[PDB]
């Protein structure tokens, strides 16, 4: 039993009263779905390749919608706390459970990401991915920032939190700020 979040009666994996999320890591160097780079280019700001930023699964990204540009939840921050769990054969147990806050700067569309991001409703609607999670966070790893956490697709609990001030200031230069 590598996944430590138990499905509830509605199939949603939870831990100690809190919703769980799956995670992966990605690299692609695109500007991304929140416009976090100079307008009209596909060039991300360096901070959006370097910092703790995420591409959530589509239905969370756009709060139930299908918009992949300036999704409703662009610029939100989420605190992710490892449980010690992972999906068997698709991750491992991390060295510690220190929480980490990530800012939403991109989207993980359903299209091309069925296993992890194929979730057909937003959190609260009891729709889950193929591993039983209501939401997925793909974590930017271009400069090894997730490798430095030693996170190998950990299972986490998730919640929205106010963004740290540096991330809030970064987001102000994304094109989707005030969209």
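Positions refer to the first chain, counted from 1.
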Original post:
Which is higher in the entry, the mean Cα B factor of 81 to 89 or that of 98 to 106?
Top reply: 81 to 89
Original post:
Mean C-alpha B factor from the entry: is it higher for 118 to 126 or for 35 to 43?
Top reply: 35 to 43
Original post:
Out of 137, 60, 69, 133, which shows the largest CA B-factor listed in the entry?
Top reply: 69
Original post:
Based on the entry's values, in what third of the chain does the Cα temperature factor of residue 148 lie: lowest, middle or highest?
Top reply: highest
Original post:
Within this chain, which third does the Cα B-factor at residue 53 fall in: lowest, middle or highest?
Top reply: lowest
Original post:
Against its chain's modelled residues, does residue 163's Cα B factor rank lowest, middle or highest third?
Top reply: middle
Original post:
In terms of the chain's CA B-factor thirds, is residue 170 lowest, middle or highest?
Top reply: middle
Original post:
Is the Cα B-factor recorded for residue 29 in the lowest, middle or highest third of its chain?
Top reply: highest
